[PDB]
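S.K.: I'd like to ask you about the structure that follows.
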Amino acid sequence: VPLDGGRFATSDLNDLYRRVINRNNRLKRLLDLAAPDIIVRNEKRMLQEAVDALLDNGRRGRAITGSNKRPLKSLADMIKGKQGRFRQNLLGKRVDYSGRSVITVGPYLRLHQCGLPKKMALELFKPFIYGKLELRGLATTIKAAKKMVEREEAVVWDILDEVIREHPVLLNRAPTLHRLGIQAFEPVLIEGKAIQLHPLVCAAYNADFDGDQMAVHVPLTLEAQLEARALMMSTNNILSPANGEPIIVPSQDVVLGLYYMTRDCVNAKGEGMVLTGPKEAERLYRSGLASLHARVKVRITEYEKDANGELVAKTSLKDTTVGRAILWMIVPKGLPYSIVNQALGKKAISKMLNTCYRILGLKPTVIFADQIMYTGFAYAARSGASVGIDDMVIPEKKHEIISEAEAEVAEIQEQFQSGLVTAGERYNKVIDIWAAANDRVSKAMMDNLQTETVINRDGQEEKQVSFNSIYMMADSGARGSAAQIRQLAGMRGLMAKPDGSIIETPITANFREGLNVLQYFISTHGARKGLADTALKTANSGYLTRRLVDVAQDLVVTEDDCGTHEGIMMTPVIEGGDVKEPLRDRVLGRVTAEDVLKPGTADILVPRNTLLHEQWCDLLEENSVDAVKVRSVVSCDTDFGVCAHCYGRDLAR
Amino acid sequence: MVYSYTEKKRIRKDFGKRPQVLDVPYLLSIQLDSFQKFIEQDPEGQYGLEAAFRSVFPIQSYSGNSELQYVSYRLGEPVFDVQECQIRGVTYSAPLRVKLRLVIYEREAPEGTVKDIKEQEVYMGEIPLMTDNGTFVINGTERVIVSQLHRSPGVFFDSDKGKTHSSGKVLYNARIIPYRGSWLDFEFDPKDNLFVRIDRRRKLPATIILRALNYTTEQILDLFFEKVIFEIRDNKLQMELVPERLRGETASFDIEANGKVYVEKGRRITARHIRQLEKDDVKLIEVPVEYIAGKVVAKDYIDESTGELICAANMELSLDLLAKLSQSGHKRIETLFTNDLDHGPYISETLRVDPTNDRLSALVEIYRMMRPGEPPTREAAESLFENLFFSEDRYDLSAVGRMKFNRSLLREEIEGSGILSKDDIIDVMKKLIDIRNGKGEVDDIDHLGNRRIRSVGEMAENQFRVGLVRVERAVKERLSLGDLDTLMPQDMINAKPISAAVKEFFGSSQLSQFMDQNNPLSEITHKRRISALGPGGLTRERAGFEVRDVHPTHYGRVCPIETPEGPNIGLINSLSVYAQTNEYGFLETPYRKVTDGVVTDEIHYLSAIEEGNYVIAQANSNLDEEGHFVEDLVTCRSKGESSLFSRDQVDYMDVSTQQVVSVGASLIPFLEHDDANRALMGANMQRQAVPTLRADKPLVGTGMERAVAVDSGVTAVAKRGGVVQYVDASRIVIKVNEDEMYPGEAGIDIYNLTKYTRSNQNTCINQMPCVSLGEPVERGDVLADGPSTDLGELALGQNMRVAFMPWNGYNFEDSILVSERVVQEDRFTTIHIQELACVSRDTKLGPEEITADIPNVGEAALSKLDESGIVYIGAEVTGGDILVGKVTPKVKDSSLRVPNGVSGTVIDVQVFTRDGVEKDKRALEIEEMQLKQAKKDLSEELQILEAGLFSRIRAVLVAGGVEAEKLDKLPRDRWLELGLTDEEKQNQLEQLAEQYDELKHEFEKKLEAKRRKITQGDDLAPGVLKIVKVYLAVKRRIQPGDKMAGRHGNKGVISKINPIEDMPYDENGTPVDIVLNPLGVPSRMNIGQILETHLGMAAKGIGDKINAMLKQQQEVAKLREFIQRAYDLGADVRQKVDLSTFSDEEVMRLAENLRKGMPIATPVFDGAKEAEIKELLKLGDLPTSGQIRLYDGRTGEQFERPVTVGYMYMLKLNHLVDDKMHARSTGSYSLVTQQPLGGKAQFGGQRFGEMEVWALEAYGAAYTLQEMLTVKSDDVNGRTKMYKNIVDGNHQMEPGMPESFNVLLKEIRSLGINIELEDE
DNA sequence: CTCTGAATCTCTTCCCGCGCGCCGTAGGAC
DNA sequence: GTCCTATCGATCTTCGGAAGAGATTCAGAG
Ligand SMILES: [Mg+2]
Ligand SMILES: [Zn+2]
């Protein structure tokens, strides 16, 4: 190809074939002109050494070059590896009908939607837009509709909002480690230029919102839409593929709001009255007559689905708080209130959400998750949950704890100053005195944070769980648990040298206060190690997943039951004393290999190829079973695949 | 106390406490004094071009038997100055001219010349020059050479565990690294046999070198090993005991004599026994024959009588051998002492590997191991071996390498030759063997005493050497064969190889970086980067934790925070604020001398290996105003260890609390509080802020802005003191005062400011005045702001009023919520200037034209072109507008159209034309401009001298010799024709009218030369006829998706542009401008951002009291009282300031700049205590909790509990969204395989890359995948059938088989590999 | 006299996206 | 100045990758 003016792009192969053909022209000449052996052995060497270049330049002694020692890319350099066809153009390739933008958070989306800019939708869906303007007969054909789109005329949006009206679009970040990293959403149009993503789903992508771009793809055919809607739509993927654990796990602000809504404060406005239901609980809150975390009694009703699966509705007085009454209004009618009757936090609400999925199923769960999100945002707003430096709490015992520990370290030093302790022992004991100070500072600081709240119970003071701003965030599990708050206001503690060996004199300061220059300079030996690790690791992790999919990709589940009776045995992992995992982690949802007996003898408990779903694993936990034999894909005697029963539960379903 | 006239306009209230004894060095002396060190000639020939010339000249051929020799060099002034050069697009360079003298000798005679011909300065090349901003201009583009940091020349000893063999033991290695030439490695084999190699070639037995130097083995053994002797007298074979050779080891055998036995069999030996051994004088002793039967002999033993061998040096003895050789009369038999701990036998072991006999057989082995396939040959071998280590053409420890070598061998002196010598290698071997004998230490590799900085003035001296090295090879031959009769030096050399060498360097080297001219900080922190990469360095892909990590010698030399996280952490570092390059290139940094017990205010720079010899107190350490330490014991660092030591034990002290950081981090306030992750991301995000439209000042800073904005050279700085004569936002012109004038000059310094222009990153850079007409200015005052500055403080961003709280989730996770009030104010709008160019050529079908007569297009488009064929200035343009109506013969409308998507106002055009080619009225329009701009500024001197000279007529008329019957109405040289007599005054008149004519003739050549600069065309590339460049300015606003960041490494997209009524507002009804999320502060431990907010809030409060005191018409004496009460606030803060001396005028002029918040300094590790922020907030009428109750503008409800409100500083980053939003329906495809193009600069499709395909396969989704990688992508049929089915709305595909896979088949079948598709 | 141990050499692998920026055959002979 | 032909067939490709595995080279001996 020509480039900038009358110059051909140096198009490597044509320099290699040029080498060959020149040499061959000479060799035909010198053969027919009958040169002596030494001359033809010259040209014959130079020809063999040139065809060497053309095939796989650089397996020779040295690669040949035509610039500042750039080796020319030969054929075999075009086939292989990271810039060659197999990886660069075949296995994955660039695609039309795609676009990208910076993502930004859209709180108002229902979980299945994402907003995408009108400019992109109009530049992406063009073929479908022509397929409406001809169908309106409003444009004569492509030749006119093209112009009618270019002019961006007033009709086109009402057409676009009919084209798109339910065409799923696929959003994926990159890298995309796992299936949840491409998902489909129904688009809704936006005026701006960012892609408005749903808040809960950002966690799945590991999409942070700090300027993290994301690509979008339109699926074109009917089949690509039916696959997108049935499989990849975000509503169908509330669980992880890898472990039976939600991926909708609540966003930090949502859980902050729900924690704040459900606390009890022992003094409050409107405390102690009795109400006929959530609705007048809300009227009581919204008019400002009762505080949200005030204690109350309410009439409640709750629903249970019986042994058949049909609802029994029940009603009672409940003793609770205004905000637990309001929150009960969001829960779908089939869960027990005992799941809400407690000050909620990130673990407690994940199990809340999980139990919704356990009891109702998917379709209520996605909507309940949406409502949780909206609720948490709204009460987190009213909560005004700011952060402020007067809210960093230093336990003044910290001053004494250092002033004590410093002298005891100097006792280890004075022995050393008398030769009375060894050079190893002096060090490895001093760092334990600093550990004994550090545990004490941390414990005093967590006690002080809980200690900061005490209030008059109409007469005489009494204590309660601390409304201290940073402590709400830790105690809720929103962000920054013990290891962070310990550094913010307790002490930063011991630090490590480049070779991992521990510093003899720790950072007894904390970030509420200043580090001096040395404490700061040593602090960076931590952090720069942790960043070097990130930037170094991100290669080897990827080369690991490549090697794995590129060995696993041959498997597909391909029979129902291979017909084995063989398998392997599961127990709690008992080691180092106590059990590091229970049986219910391992065995849940495999199929039994062999008939599982009652603990004891001759009474069978589970038939010999039964899926041990949850009601079976709770039953095993009712028994004194320790070892269970189950089928495993390593033992499944299907040729060229695996049988379904040997694989067992599909974790995402 | 005094402040300069640009300080005394916004005296930043300073909270610092430590008195800054050393004021920050000019932040680019790293670069400028490197290049000055290259460009200056220096008779002490090291450093500079002159050193390189003297590295090659004199130059000669033996067969020519004549020479040419360098005498001296001159460097002419650069053909175009920087401003004009940056327009015209060439490189700013200087012509290199060299006095070469060619000397012609004769045969037979003494060498006295037949002739010698000094060529009058042969032209040698064009070396670029550095601009005073420290940047090179290389093709109009402005480029910066980052300093390299790499392993200094020297000798280095090393060892490792597990990386080698892993059986618990460690292997030791020594290297000699020259500056130029071959590396030599010595290393032991595991079995302690010693080996050597050159340049990581094959392993050789190490004595092969000592052989090659023609030591015999007997001599080698006298170089390395201690003697033990046997004397065959008083009884057969007595033995020479040196007592100290037995200690700690077991006396496993009979040694005794004469009285008390020292130590009998089986017992250790100790001091008291050695003293008894000495007191008995054990000079000879009895030992059993097993002892002598252990020995290896020192020296050669032929039988003299037969003349024939019985034993040889390092041959091993036995009783029968000892008998026959002492029986042969060799009554002194001599051997070596080799205790396994202290005297291991490694060289004898090496002589058991050794295949060599003597010198020649080793040279044979050398030449065959090094040059396999060439013949060894006695006359030929040395022409390898000497050029490995002993010849200047190929081995060279520079003066730094020799110094480091000598220091490591513990030599007395460091003025030494650059080549090795026998004893220079032997000393390395001995030191390596001492290490293996356990009596020494290995060096830490990654220590800033072993790695040295190379900067531009050294990289370019090497590349210029590569030049002279290729001229060497040409000129030697041309001289050797030449007749010497007609040749003159300009025949002998030609510039082309030098120019190739240096131009490729400055143009394209891995270190000639294109400058990040993003904002004035990013200019500087780039000019002072330290890079480990590039030529002679390591590589970003090929290093690990050993070098990325920080090291204890970094303190004060390299900033630990400011490194570009990502694939090259710590392979790039930023040279710390105060640090400096030593003479040799090692990084050295200033410390205060602690003299006995007082901190003396004198600074000594310490390199990284001077530092370990002292104990140095941390910068915070207090003093008593005499200067004794206040503390009785104090924290110091010492040997990388740190601990507490006594008062008056300590020996040096840090110079400043800023010493540990770079400017990039030194600008963060309250850095004392931040996690070093978030310090790092802060100090990296500051260098990306784009200059906003109306930039001002950070309210909380560090007082480093007053230095970054000035030293970065981008504010225009007053070269000499004077008074402002005129200002108009394009020119500023200063009547310099006569106390700093040069006597013949007009005395007037213009400053033509640069206006709207593209930065290298497309942000605009318009300088604006800060002065007023008639205002006085002093040398070094800022006259004009740069981009991102105001009043000469750095000012990247805008001091936006932020409150920390959740808001319905719009600021979830990280996002920033923003009020419409900020965008309405044009707070963050920013101007992006693109350059588009239309080239035109003398193509093969014929020459192009620029015209409006374009074929196939009507006035519907052409309405914006003028009649010449270029767009009007001030045309506002959009996609597809024709900017330049180029056309090609045989007529084709190829014309410059504005690319898709972009839009803007055409702010300027430029036109460039070859020689011998016609202009047009847009070239004449530009000539009219530039001529007039030169002529005006010249006239404003000629006018000033004319006025002075006519005064110099008038005054000496009017004062005496008056002729003023009529005077001032007349032409003031027609004043000569008045009738004054031939007394001296008429001769003064005649002479000073001739001085007036010559004053006209003076400018009569100066303006001609200037107009000749403008009249000419330009040095176009071959093929082009002319080029025109057209600039589009876009005023981009701010919108969802744009990125903003704080200084603390907090960052977000802005997520919604909320209308004012929805912002929270306070109990006074002012809404907040931004709502940040709180949870990021504990979760990422960057709580310094809260104290910036509170101190920012107080900063607003003082302006709030001042603005009220200016709306109310308070008298200055009350106003001065409040301002003074603000500056004196706090503890014993460093600064003192007396508004009593500000003359009221300047008190109002000060107030008029505080009236939007008092600016504050919080120097990095020395900031305000909390108790001083509270104190300032109490001086304002503000709530000292810092928090305020807020209400929600959606309802007017109160928020529960107050929330933080205050003035953070926020930067718009250059990652703004419309520069990234992209989408493609269909368009281009690549040629080799039909997959879509990739880009925004091309209308590309996103890569559905490898990992996404596994992601689809992991759903069941097969049809989606089939589509994505065929129909949507590659199948040349199917995509056009798909497109039509979609416009038909059929929703069906025909999938085929991708053409990229057919490419593969042919690319395999283009090997002799028959791959084929198969049927069943 | 070469058979199983071990020893030195080369070959091969090293995240995914993305955006800029520039830079892009020579020398000799007719 | 343009067109055609060839590369260090009279040097010196960078030491600062590890690894990890194989092909290919050598011990102590039956
Ligand atoms: Mg991110
Ligand atoms: Zn099976």
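FYI, nothing fancy with the structure tokens labels: chains A, B, ... in order, residues from 1 per chain, ligands from 1 as they appear.
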Enumerate residues in contact with ligand 1: an atom-to-atom distance of at most 12 Å, counting only C-alpha atoms (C1' of nucleotides) and all ligand atoms. Format the result as a list in words.
M.R.: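 Here is the list of contacting residues: residues 102, 103, 104, 173, 174, 202, 203, 205, 206, 207, 208, 209, 210, 211, 212, 213 and 214 of chain A; 681, 813, 814, 815, 1043, 1050, 1051, 1052 and 1053 of chain B.
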S.K.: Tell me which protein, DNA and RNA residues are within 7 Å of residue C:15, counting only C-alpha atoms (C1' of nucleotides), leaving out same-chain ones fewer than 5 positions away, and put them as an MDAnalysis selection string.
M.R.: chainID A and resid 538:539 541:543
S.K.: Go ahead and save the residues from that selection, with N, CA, C and O atoms, as a PDB file, in the first residue's frame.
M.R.:
ATOM      1  N   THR A 538      -0.903  -8.986  37.592  1.00  0.00           N
ATOM      2  CA  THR A 538      -1.949  -8.993  36.591  1.00  0.00           C
ATOM      3  C   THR A 538      -1.532  -9.635  35.292  1.00  0.00           C
ATOM      4  O   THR A 538      -2.380  -9.824  34.431  1.00  0.00           O
ATOM      5  N   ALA A 539      -0.262  -9.915  35.090  1.00  0.00           N
ATOM      6  CA  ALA A 539       0.103 -10.742  33.957  1.00  0.00           C
ATOM      7  C   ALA A 539      -0.009 -12.211  34.248  1.00  0.00           C
ATOM      8  O   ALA A 539      -0.621 -12.949  33.488  1.00  0.00           O
ATOM      9  N   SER A 541      -1.692 -13.839  36.458  1.00  0.00           N
ATOM     10  CA  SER A 541      -3.063 -14.310  36.592  1.00  0.00           C
ATOM     11  C   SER A 541      -3.721 -14.567  35.265  1.00  0.00           C
ATOM     12  O   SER A 541      -4.398 -15.580  35.086  1.00  0.00           O
ATOM     13  N   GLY A 542      -3.515 -13.680  34.311  1.00  0.00           N
ATOM     14  CA  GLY A 542      -4.090 -13.873  32.987  1.00  0.00           C
ATOM     15  C   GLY A 542      -3.483 -15.034  32.246  1.00  0.00           C
ATOM     16  O   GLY A 542      -4.175 -15.780  31.574  1.00  0.00           O
ATOM     17  N   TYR A 543      -2.197 -15.185  32.334  1.00  0.00           N
ATOM     18  CA  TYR A 543      -1.632 -16.363  31.739  1.00  0.00           C
ATOM     19  C   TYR A 543      -2.071 -17.623  32.427  1.00  0.00           C
ATOM     20  O   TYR A 543      -2.205 -18.654  31.781  1.00  0.00           O
TER      21      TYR A 543
END
S.K.: Enumerate the residues of stretch 93-288 of chain B with a DSSP assignment of helix (DSSP H, G or I), computed from the backbone, and present them as number ranges by chain.
M.R.: B: 207-212, 217-224, 243-245, 271-279
S.K.: Pull the closest atom pair for each residue of chain B that gets at most 12 Å from chain C, along with the distance in Å to one decimal, counting only C-alpha atoms (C1' of nucleotides), ordering rows by chain and then ascending residue number, as a tab-separated table.
M.R.:
residue	atom	partner	partner_atom	distance
B:138	CA	C:22	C1'	10.9
B:139	CA	C:22	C1'	9.9
B:140	CA	C:22	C1'	11.9
B:141	CA	C:22	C1'	9.4
B:142	CA	C:21	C1'	11.3
B:143	CA	C:22	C1'	10.8
B:201	CA	C:9	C1'	11.7
B:202	CA	C:8	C1'	9.8
B:203	CA	C:8	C1'	10.2
B:504	CA	C:23	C1'	10.3
B:507	CA	C:23	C1'	8.7
B:508	CA	C:23	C1'	7.5
B:509	CA	C:23	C1'	10.8
B:510	CA	C:22	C1'	11.7
B:512	CA	C:22	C1'	10.7
B:513	CA	C:21	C1'	9.4
B:514	CA	C:21	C1'	7.0
B:515	CA	C:21	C1'	9.4
B:516	CA	C:21	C1'	9.7
B:517	CA	C:21	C1'	11.8
B:541	CA	C:14	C1'	8.7
B:542	CA	C:14	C1'	9.6
B:567	CA	C:15	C1'	11.1
B:760	CA	C:21	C1'	8.5
B:761	CA	C:21	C1'	8.6
B:762	CA	C:20	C1'	10.9
B:1214	CA	C:20	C1'	11.4
B:1215	CA	C:19	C1'	9.5
B:1216	CA	C:19	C1'	11.7
B:1217	CA	C:19	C1'	11.7
B:1219	CA	C:19	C1'	9.2
B:1220	CA	C:19	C1'	7.8
B:1221	CA	C:19	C1'	11.1
B:1222	CA	C:19	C1'	11.7
B:1238	CA	C:18	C1'	10.3
B:1239	CA	C:19	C1'	8.4
B:1240	CA	C:19	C1'	8.5
B:1241	CA	C:20	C1'	9.7
B:1246	CA	C:17	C1'	9.2
B:1247	CA	C:17	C1'	8.0
B:1248	CA	C:17	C1'	9.5
B:1249	CA	C:16	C1'	8.0
B:1250	CA	C:16	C1'	8.4
B:1251	CA	C:16	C1'	7.5
B:1252	CA	C:16	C1'	9.6
S.K.: Would you save the residues of that selection, restricted to C-alpha atoms, as a PDB file, in the first residue's frame?
M.R.:
ATOM      1  CA  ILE B 138      12.650  18.790  17.060  1.00  0.00           C
ATOM      2  CA  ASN B 139      10.119  19.129  14.318  1.00  0.00           C
ATOM      3  CA  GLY B 140       8.294  22.072  15.706  1.00  0.00           C
ATOM      4  CA  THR B 141       7.109  19.499  18.186  1.00  0.00           C
ATOM      5  CA  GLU B 142       8.610  20.109  21.589  1.00  0.00           C
ATOM      6  CA  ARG B 143      10.526  17.227  23.083  1.00  0.00           C
ATOM      7  CA  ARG B 201      29.840 -15.920  26.727  1.00  0.00           C
ATOM      8  CA  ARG B 202      30.986 -19.445  27.691  1.00  0.00           C
ATOM      9  CA  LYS B 203      32.588 -20.158  31.047  1.00  0.00           C
ATOM     10  CA  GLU B 504      18.111   9.994  15.236  1.00  0.00           C
ATOM     11  CA  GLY B 507      14.226  12.430  17.180  1.00  0.00           C
ATOM     12  CA  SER B 508      13.470   8.892  18.005  1.00  0.00           C
ATOM     13  CA  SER B 509      15.399   7.402  20.860  1.00  0.00           C
ATOM     14  CA  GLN B 510      13.434   5.697  23.569  1.00  0.00           C
ATOM     15  CA  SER B 512      13.449  11.622  23.447  1.00  0.00           C
ATOM     16  CA  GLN B 513       9.970  11.953  24.886  1.00  0.00           C
ATOM     17  CA  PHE B 514       7.311  14.166  23.340  1.00  0.00           C
ATOM     18  CA  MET B 515       6.619  16.687  26.067  1.00  0.00           C
ATOM     19  CA  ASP B 516       3.457  16.439  28.186  1.00  0.00           C
ATOM     20  CA  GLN B 517       2.707  20.063  27.812  1.00  0.00           C
ATOM     21  CA  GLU B 541       8.744  -6.249  31.061  1.00  0.00           C
ATOM     22  CA  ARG B 542      11.839  -7.835  32.465  1.00  0.00           C
ATOM     23  CA  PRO B 567       3.404  -1.753  34.311  1.00  0.00           C
ATOM     24  CA  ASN B 760       1.139  19.241  22.560  1.00  0.00           C
ATOM     25  CA  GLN B 761      -1.939  17.734  24.130  1.00  0.00           C
ATOM     26  CA  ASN B 762      -4.372  20.176  22.443  1.00  0.00           C
ATOM     27  CA  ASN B1214      -7.958  15.256  30.578  1.00  0.00           C
ATOM     28  CA  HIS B1215     -10.104  12.190  30.184  1.00  0.00           C
ATOM     29  CA  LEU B1216     -13.245  14.052  29.298  1.00  0.00           C
ATOM     30  CA  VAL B1217     -15.936  11.990  27.723  1.00  0.00           C
ATOM     31  CA  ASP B1219     -13.133  12.582  23.550  1.00  0.00           C
ATOM     32  CA  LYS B1220     -13.916   8.888  24.249  1.00  0.00           C
ATOM     33  CA  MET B1221     -17.518   8.228  23.319  1.00  0.00           C
ATOM     34  CA  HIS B1222     -17.624   6.244  20.103  1.00  0.00           C
ATOM     35  CA  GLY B1238      -9.937  -0.022  15.155  1.00  0.00           C
ATOM     36  CA  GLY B1239      -9.927   3.499  16.544  1.00  0.00           C
ATOM     37  CA  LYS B1240     -11.726   6.712  17.043  1.00  0.00           C
ATOM     38  CA  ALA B1241      -9.347   8.409  14.671  1.00  0.00           C
ATOM     39  CA  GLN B1246     -14.678  -2.525  19.322  1.00  0.00           C
ATOM     40  CA  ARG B1247     -12.557  -5.686  19.727  1.00  0.00           C
ATOM     41  CA  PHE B1248     -14.628  -8.653  20.814  1.00  0.00           C
ATOM     42  CA  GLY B1249     -11.383 -10.002  22.055  1.00  0.00           C
ATOM     43  CA  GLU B1250     -10.323 -13.366  23.241  1.00  0.00           C
ATOM     44  CA  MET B1251     -11.693 -13.209  26.691  1.00  0.00           C
ATOM     45  CA  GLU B1252     -15.056 -12.159  25.590  1.00  0.00           C
TER      46      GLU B1252
END
S.K.: Taking only C-alpha atoms (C1' of nucleotides) and all ligand atoms into account, which residues have an atom no farther than 10 Å from ligand 2? I'd like them as a ChimeraX atom specification.
M.R.: /A:557-567,593,631-639,641-648
S.K.: Set the distance at 6 Å and use only C-alpha atoms (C1' of nucleotides): which residues neighbour stretch 1120-1136 of chain B once local chain neighbours fewer than 4 positions away are removed? I'd like the list as a VMD selection string.
M.R.: chain B and resid 13 15 to 17 1116 1172
S.K.: Per residue of chain D within 10 Å of chain A, note the shortest atom pair and the distance in Å to one decimal, counting only C-alpha atoms (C1' of nucleotides), and order the rows by chain and increasing residue number, as JSON lines.
M.R.:
{"residue": "D:6", "atom": "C1'", "partner": "A:19", "partner_atom": "CA", "distance": 10.0}
{"residue": "D:7", "atom": "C1'", "partner": "A:66", "partner_atom": "CA", "distance": 8.7}
{"residue": "D:9", "atom": "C1'", "partner": "A:42", "partner_atom": "CA", "distance": 9.4}
{"residue": "D:13", "atom": "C1'", "partner": "A:69", "partner_atom": "CA", "distance": 8.2}
S.K.: Write a file of the just-selected residues containing N, CA and C atoms (P, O5', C5', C4', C3', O3' and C1' of nucleotides), as a short mmCIF file (atom, residue, chain, number, x, y, z; two decimals), in the first residue's frame.
M.R.:
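again.cif was written with the following content:
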data_model
loop_
_atom_site.label_atom_id
_atom_site.label_comp_id
_atom_site.auth_asym_id
_atom_site.auth_seq_id
_atom_site.Cartn_x
_atom_site.Cartn_y
_atom_site.Cartn_z
P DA D 6 23.46 -5.94 -6.90
"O5'" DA D 6 23.96 -5.94 -5.40
"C5'" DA D 6 24.85 -4.94 -4.94
"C4'" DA D 6 24.55 -4.54 -3.49
"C3'" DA D 6 24.36 -5.70 -2.55
"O3'" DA D 6 24.94 -5.39 -1.32
"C1'" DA D 6 22.43 -4.34 -2.52
P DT D 7 26.47 -5.83 -1.06
"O5'" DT D 7 26.83 -5.08 0.29
"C5'" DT D 7 26.66 -5.74 1.51
"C4'" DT D 7 25.72 -4.94 2.39
"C3'" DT D 7 25.50 -5.51 3.77
"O3'" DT D 7 25.30 -4.45 4.72
"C1'" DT D 7 23.45 -5.53 2.57
P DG D 9 29.07 -9.31 5.11
"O5'" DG D 9 30.22 -10.25 4.51
"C5'" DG D 9 31.27 -9.69 3.70
"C4'" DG D 9 32.27 -10.75 3.26
"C3'" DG D 9 33.55 -10.21 2.61
"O3'" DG D 9 34.60 -10.00 3.57
"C1'" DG D 9 32.55 -11.71 1.14
P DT D 13 28.06 -5.87 19.19
"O5'" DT D 13 26.49 -5.99 19.08
"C5'" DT D 13 25.68 -4.88 19.05
"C4'" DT D 13 24.33 -5.28 18.51
"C3'" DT D 13 23.45 -6.16 19.40
"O3'" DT D 13 22.33 -5.36 19.81
"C1'" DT D 13 24.13 -7.32 17.41
#
S.K.: With a cut-off of 7 Å, could you pull out the residues of chain D touching chain B and give me the nearest pair of atoms for each, distance in Å to one decimal, using only C-alpha atoms (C1' of nucleotides), ordered by chain and ascending number, as CSV?
M.R.:
residue,atom,partner,partner_atom,distance
D:15,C1',B:199,CA,6.0
D:16,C1',B:538,CA,4.9
D:17,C1',B:542,CA,5.8
S.K.: Identify, on the basis of only C-alpha atoms (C1' of nucleotides), every residue whose closest approach to residue B:954 does not exceed 9 Å; exclude the query and any residue fewer than 5 positions from it along the same chain; express the result as a PDB file with C-alpha atoms, in the first residue's frame.
M.R.:
ATOM      1  CA  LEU B 949      18.411  62.387  20.032  1.00  0.00           C
ATOM      2  CA  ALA B 959      20.504  75.745  27.573  1.00  0.00           C
ATOM      3  CA  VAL B 962      19.765  79.332  21.819  1.00  0.00           C
ATOM      4  CA  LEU B 967      11.397  76.193  17.664  1.00  0.00           C
ATOM      5  CA  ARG B 972      13.665  68.752  14.198  1.00  0.00           C
TER       6      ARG B 972
END
S.K.: Where does DSSP see strand (DSSP E) in stretch 74-310 of chain A, if you list the residues as an MDAnalysis selection string?
M.R.: chainID A and resid 93:94 98:105 113:117 169:172 182:190 195:197 213:217 274:275 295:305
S.K.: Which residue gives the smallest distance to residue A:217 among B:46, B:383, B:1264, B:767, with only C-alpha atoms counted?
M.R.: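 With only C-alpha atoms as the atom set, the closest residue is B:1264.
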S.K.: Hey, can you check how far atom CA of residue A:141 sits from atom CA of residue A:170?
M.R.: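 Interatomic distance here is 29.0 Å.
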